[PDB]
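# A look at the structure
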Amino acid sequence: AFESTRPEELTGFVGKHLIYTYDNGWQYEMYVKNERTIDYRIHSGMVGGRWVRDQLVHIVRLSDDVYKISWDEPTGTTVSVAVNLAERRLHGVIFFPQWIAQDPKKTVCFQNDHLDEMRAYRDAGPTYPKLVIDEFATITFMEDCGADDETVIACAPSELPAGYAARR
Amino acid sequence: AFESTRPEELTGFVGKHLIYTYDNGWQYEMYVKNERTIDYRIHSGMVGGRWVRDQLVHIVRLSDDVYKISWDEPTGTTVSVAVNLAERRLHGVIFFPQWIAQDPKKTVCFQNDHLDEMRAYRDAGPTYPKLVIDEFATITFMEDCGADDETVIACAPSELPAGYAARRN
């Protein structure tokens with residue numbers, strides 16, 4: 001299932017830590033913690049406040065500058081993000097189950113402490129139709145944190161020093 | 001909902017007609033019929049024989065050479081493909097509902113005439129866990145057909161001329 005994960009091709013991407021704003025104004029943050037894991041933190045928008053550690057992902061190199069990260073969430077949401085490092089442009093597609101569209105705050109938590117809850121909501125549904133969000137984003141801040149730094153994304157967006165998400 | 005669709009960014013991509021084989025051996029064919037539509041045709045693998053016309057998609061430029069196409073299916077499957085035109089490689093992530101993993105032939109049809117059926121199977125489930133296929137592919141044949149050519153994908157894969165899907169460039 002992770003056959004396509006090729007660490008040797010990902011050395012320019014693993015370790016990246018990006019803050020970005022989608023064209024709809026939602027502000028997101030992702031840390032590429034290793035070849036198969038991300039942490040992420042949502043700052044604003046429909047699910048602002050939600051954050052997630054140790055999400056297993058599929059990370060591939062598309063070109064020298066472009067990388068893709070795709071994953072399935074315990075809520076039922078599926079995601080594929082691409083990043084163009086050179087252009088500092090991200091694109092995401094997010095397929096939300098209908099239950100999230102109807103009541104998105106249900107997912108606004110530190111997910112890792114609410115896994116059973118998320119699975120229950122997922123299982124109760126409804127699932128369909130999906131709310132599909134497909135948007136470009138500007139990468140406003142990007143840094144290289146190296147792999148397996150557990151401090152990059154370790155608290156809620158409300159617990160960060162002033163101006164954190166507004167940098168660059 | 002199609003705000004990300006930017007025709008000026010897609011002029012090198014619209015009209016492309018690709019035949020490709022995933023690293024697991026499954027052979028797929030896609031036609032980028034316009035800025036928001038594909039037709040596709042599966043030749044082999046878990047759902048070989050399936051074909052689809054007029055699938056609404058989100059097509060975006062990632063670079064000069066790399067484009068992305070993403071979409072939701074009436075089966076519950078969600079898809080995102082990226083094509084690297086220069087390297088003649090494709091990458092797909094496909095998130096199949098569990099019901100498809102268990103009985104994939106249920107989806108082998110001209111889907112456009114079986115929308116209610118696909119949605120029924122989708123609604124009955126199971127949905128979870130998803131069977132996630134994340135795989136590279138080699139693009140074996142690529143040509144420019146221009147937009148809105150209704151003849152490119154207009155029959156089942158069984159009805160094509162003998163070596164059609166094996167042609168290369």
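Scroll up a little and you will see the structure.
Report on the accompanying structure. As a numbering rule, every chain is indexed from 1 in the order its sequence is written, which need not reproduce the entry's residue numbers; residues that lack coordinates are not presented. Whichever chain is written first is A, and whichever ligand is written first is 1; the rest continue in order. To get the side-chain values, all heavy atoms of the structure are used, and hydrogens and water are removed first.

### Brief notes about the state of the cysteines
Residue and element names in this part refer to chain B.
- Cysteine sulfur atoms are paired as a disulfide whenever they fall within 2.5 Å. Applying the stated criterion to the full structure yields 0 disulfides over all chains.
- Counting only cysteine sulfurs, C155 is the nearest neighbor of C109, a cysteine outside any disulfide, at a range of 15 Å.
- Note on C145: no disulfide assigned, nearest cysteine sulfur contributed by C155 at a separation of 14 Å.

### Digging into the layout of surface pockets
Residue and element names in this part refer to chain B.
- Only protein atoms enter the 1 Å grid used here. Points where a 1.4 Å probe fits but cannot escape make up a cavity, open sets with protein on both sides within 12 Å along at least five of seven lines make up a pocket, and a residue lines them when an atom lies within 4 Å of a point. Grid points are joined across faces, edges and corners, and a volume is the space filled by probe spheres set on the points. The volume enclosed by the largest pocket comes to roughly 460 Å³.
- If you trace the largest pocket, you find 22 residues lining it, with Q55, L56, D72, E73 and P74 closest to the centre.
- Note on conventions: DSSP H or I runs of at least 4 residues are helices, E runs of at least 2 residues are strands, and numbering of each starts at the N terminus. Listed by contribution, the elements that provide at least two residues to the lining of the largest pocket are β4 (51-56), β6 (66-72) and α2 (115-124).
- By residue number, the principal contributor to the lining of the largest pocket is β4, which donates 5 residues.
- Residue composition of the lining of the largest pocket, grouped by class: 10 nonpolar, 5 polar and 7 charged.
- Roughly 400 Å³ of internal volume is contained in the second largest pocket. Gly is placed with the polar residues, together with every amino acid not listed as nonpolar (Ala, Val, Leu, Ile, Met, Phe, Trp, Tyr, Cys and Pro) or charged (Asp, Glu, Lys and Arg).

### Overview of the pairing of strand β7 (residues 78-84) of chain A
Residue and element names in this part refer to chain A.
- Buried, partly exposed and exposed residues are distinguished by accessible area as a fraction of the type maximum, computed with a 1.4 Å probe on protein chains only: under 20%, between the cut-offs, and over 50%, respectively. The element β7 is largely enclosed, with a buried count of 7 among its 7 residues.
- The side-chain alternation of β7 yields two buried faces, one formed by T78, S80, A82 and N84 and the other by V79, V81 and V83.
- Two strands pair when backbone bridges link them, and strand β6 (residues 66-72) and β7 are joined in this way by 7 bridges, in the antiparallel orientation. Among the inter-strand pairings, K68 is bridged to a residue of β7, identified as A82.
- Between any two strands, pairing holds if DSSP finds at least two bridges. From the end of β7 to the start of strand β8 (residues 89-96), which pair antiparallel, there are 4 residues, and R88 there has a positive phi angle of about 55°.

### Some points on the interface of chain A and chain B
- On the side of chain B, 37 residues touch chain A, which itself brings 37 residues to the contact.
- Here chain A meets chain B over a buried area of about 3100 Å², counting both sides, of which 52% is carbon and sulfur.
- Put simply, buried area is how much 1.4 Å-probe accessible surface two parts lose in total, over both of them, once they are put together. For the chain A face of the interface with chain B, the top three residues by lost area are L62(A), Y128(A) and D134(A), together amounting to 19%.
- In what follows, salt bridge is the name for a side-chain nitrogen of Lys or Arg lying within 4 Å of a carboxyl oxygen of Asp or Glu. Put simply, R61(A) and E87(B) hold a salt bridge, and the shortest N to O gap is 3.3 Å. Working rule for contacts: check all heavy atoms of both residues, and any pair within 4.5 Å makes them a contact.

### Digging into the environment of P157(A)
- Relative to the helices and strands, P157(A) is located in the segment after β9 (131-144).
- The sequence separation of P157(A) and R50(A) amounts to 107 residues, and the corresponding C-alpha distance is 8.1 Å.

### Some words on the sheet that holds β6(A)
All names here are of chain A.
- Spatially, 9 strands are ordered β4-β3-β2-β1-β9-β8-β7-β6-β5 in an open sheet, and the strand pairing comes out antiparallel. Looking along the sheet, the strands with just one partner apiece sit at the ends: β4 (51-56) and β5 (58-61). The sheet shows a mean angle of 20° between the axes of neighbouring strands, direction not considered.
- Bridge count for β8 against β9 is 8 bridges, and the pairing is antiparallel. Each residue of the ladder has a partner; that of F95, found in β9, is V132. Note on method: axes are straight lines fitted to C-alpha atoms, helices fitted across the in-contact stretch only, with angles between N-to-C directions ranging 0 to 180 degrees.

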